[PDB]
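So here's one chain in two forms, each on its own in structure tokens, numbered structure 1 and structure 2.
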Structure 1
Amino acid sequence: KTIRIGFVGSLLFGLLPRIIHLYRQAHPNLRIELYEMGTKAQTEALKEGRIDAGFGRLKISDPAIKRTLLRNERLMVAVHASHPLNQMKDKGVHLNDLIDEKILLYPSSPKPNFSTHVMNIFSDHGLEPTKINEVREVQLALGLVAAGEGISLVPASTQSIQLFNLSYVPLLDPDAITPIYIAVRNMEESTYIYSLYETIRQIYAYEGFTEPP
């Protein structure tokens, strides 16, 4: 009668609430508890039994955890309206266009985290952006972009944040992605966790996303 879910903050701005809402409709007397935490912290939390399921954006390998890829969400570049990158609808924008920009990454919690994921995509292609500043969370990064502080790379679903003179630019590199995983304990076999997984599949089928296994 109590399910504990760990989640990275950005998911609040995307599909997480509609999943929980449909999930609620199937379980009118379940106590649902949500806890914002990083993907590495979710792994430790699952092992200690502090949460039952974790929704994250890193693939942390650990025998005690069963991890499953839900979908490959795209990354976008958040910029101020007047930024030159916002003038490139014609040809579009690649990662190698971003290398000399002031880039705002997040979170500032211990590594590995979302900024490590983003920097790895650069390094995967021999790119190393030299001007990086780490901030607490995605909404702060975006507010700072709007204030004129630089640019940021964010999941496409954070476009629910529509700040004055903030524009989101697509990235052309096919691997400019931020996958979303569900993680549970390796011998998890609960009805509640199965139902949660089916609820995600119902939203995806309705939303037109590719179904996970």
Structure 2
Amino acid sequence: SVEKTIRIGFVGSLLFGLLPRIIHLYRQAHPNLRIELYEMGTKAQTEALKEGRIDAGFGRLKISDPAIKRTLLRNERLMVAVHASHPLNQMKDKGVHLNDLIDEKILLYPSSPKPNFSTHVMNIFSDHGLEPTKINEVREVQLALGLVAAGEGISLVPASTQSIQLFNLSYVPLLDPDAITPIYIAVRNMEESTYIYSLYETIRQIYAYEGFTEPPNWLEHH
């Protein structure tokens, strides 16, 4: 007996973070629900929500539309993926700053419509009057990491990319406080169903385990 099908849009990179354990726990606690997962970019999620193709969208862009509302879940730290022989890797335990990377061969990704993670990264550089001269855009994250592991350059990546460990690939912390990539949950701009509120609580629960501290009024009830 399925009480309801809940449909969830998500950006692909979130699979390397908490998304799967959140969905697994949500399913487990709510065996009366059928949950369907649809990979789609943040802009695509907006249209999908409006016409009911999905019920919640987990995205990385803050893109306003009156018919949608969103809540920032957390800011994920960025890191520098480097070859283990790279000078920057001597700072693995201490971290580095964006201005240390301006003369390095940087692999941006993905190849997809902009804005995306690539523009996101370049905007953080531009916010501090930094203009990396050696830039190359590649198809997606694992191509970027493979090329770093091969000796082709370095890449800025979400911290949860560390789910991928390749031989002679290292991840160096980036210390600039604004060196982050957000995670949002977006829903239609109306009162959330009992089912979506249940999803909020699952996120709350996992976040508490991760020791994340809740901001004021974070994920409403009722």
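Basically, rigid core = biggest C-alpha set you can superpose within 1.5 Å across the two forms. For residue numbers, the reference is structure 1: its sequence is counted from 1.
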property: Position that moves between the two structures after core superposition, taken from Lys111, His94, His125, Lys89, with Cα shift of 2 Å or more; result: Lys89
property: Following rigid core superposition, Cα shift of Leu153 between the two structures in Å; result: 0.8
property: Core-fitted comparison between the two structures - CA shift at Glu188, Å; result: 4.3
property: Shift in Å of the C-alpha at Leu140 between the two structures after core superposition; result: 2.1
